[PDB]
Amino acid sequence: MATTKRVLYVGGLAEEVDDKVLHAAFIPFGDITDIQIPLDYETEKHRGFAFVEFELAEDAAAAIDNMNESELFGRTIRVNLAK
């Protein structure tokens, strides 16, 4: 099976959370190669979720375990393999 295990889905993001906040919150688990945040151009705000891609799958795994249901900017977030 060749499907990646390096990309994580991160949901439950407060309005104040952006790519910088995400980088800072997930870098403790390992180097990150990409962070994508879908936007609504009518509002200019994100839709409450993002995808974080780690360099190593092992690091992505540790992040899922420690960050799923953790608190970020006052609320609970959801973290799991994106696909």
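One rule holds for the numbers: they count along the sequence shown, beginning at 1.
- Taking only CA atoms, the mean B-factor in the PDB entry is higher for 36-44 than for the other of 50-58 and 36-44.
- Remark: stretch with higher mean C-alpha B factor among 6-14 and 59-67 is 59-67.
- When the modelled residues of the chain are ordered by their C-alpha B factor, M1 lands in the highest third.
- Annotation for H23: CA B-factor lies in the lowest third of the chain's modelled residues.
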